Protein chains: 2
Amino acid sequence: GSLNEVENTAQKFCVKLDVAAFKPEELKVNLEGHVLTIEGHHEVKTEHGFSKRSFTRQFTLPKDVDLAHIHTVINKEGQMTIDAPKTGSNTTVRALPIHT
Amino acid sequence: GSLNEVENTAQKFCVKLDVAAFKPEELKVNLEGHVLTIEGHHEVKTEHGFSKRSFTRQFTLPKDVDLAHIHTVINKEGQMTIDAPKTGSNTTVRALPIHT
């Protein structure tokens, strides 16, 4: 889970991880509040010993990330991208319904 | 800890691992009987969150291996090589002393 890039603009948040050493089923992505946690665990046995790999990478997302629309995808080259739009990106004038 | 070349002749035994994701100080090589264990642990903190990496690679050396002369090196490119001669590799006739 080598952290390739951090991305933080007005319109979206995005993080990219190197997860090529782990298969999709060996990976977990969890969110609690603003805290995002990615983990990989690989564990093979043999009759000549064994192999084991692991990583945990955790970060706190910006206050204004729209956690409701977080999307995580792993591409064909084993790179994970986790992205979401910002809450206050919509800069036009939005009328709010007044409830009576 | 990817394990590149395993080599095993009557001359020498050799293993080569990809160890570049870790600092030399974060690496352990242990021998227990004929069982060779290579471990890496990296654990970093930040105020963005944290990062943590690990691997454990284990294998059983042949009975043939001269365990007294096992040698471990990491090069500048982050490749570890572990090598040792075999027990019966020097094949010229050796006279043994007889005590009485």
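What the table shows:
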read-out	value
Per-residue average of Cβ from other chains inside 10 Å of A:56-63	4
Cα gyration tensor, the protein assembly as shown - rounded (a/c under 1.5), prolate or oblate	prolate
Pairs of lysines in chain A (C-alpha under 25 Å apart; 8 or more residues apart or interchain)	19
Inter-chain shielding of B:43-50 (mean C-beta neighbours from other protein chains, 10 Å cut-off)	4
Sparse-neighbour loop sites [trypsin sites (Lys or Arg not before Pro); region B:61-100; at most 10 other C-beta within 10 Å; DSSP]	B:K63, B:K76, B:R94
Prolate/oblate/rounded label for chain B (Cα gyration tensor, a/c 1.5)	prolate
Total charge dipole magnitude, the protein assembly as shown, about the Cα centre, Cβ charges on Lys, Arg, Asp, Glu only, Debye to nearest 20	0
Most fluctuating residue given options B:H48, B:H71, B:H34, as computed from a GNM of chain B linking Cα atoms under 10 Å	B:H48
Label distances, nm, A:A68 versus same residue in remaining copies, Cβ-directed 7 Å point	7.4
Chain A: relative contact order as a whole-number percent, Cα under 8 Å and 6+ apart	28
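None of the figures in this text is laboratory data; all of them are computed from the coordinates on show. For neighbour counting, all protein chains shown are included, and Cβ atoms are generated from backbone atoms with ideal geometry for every residue, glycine included.
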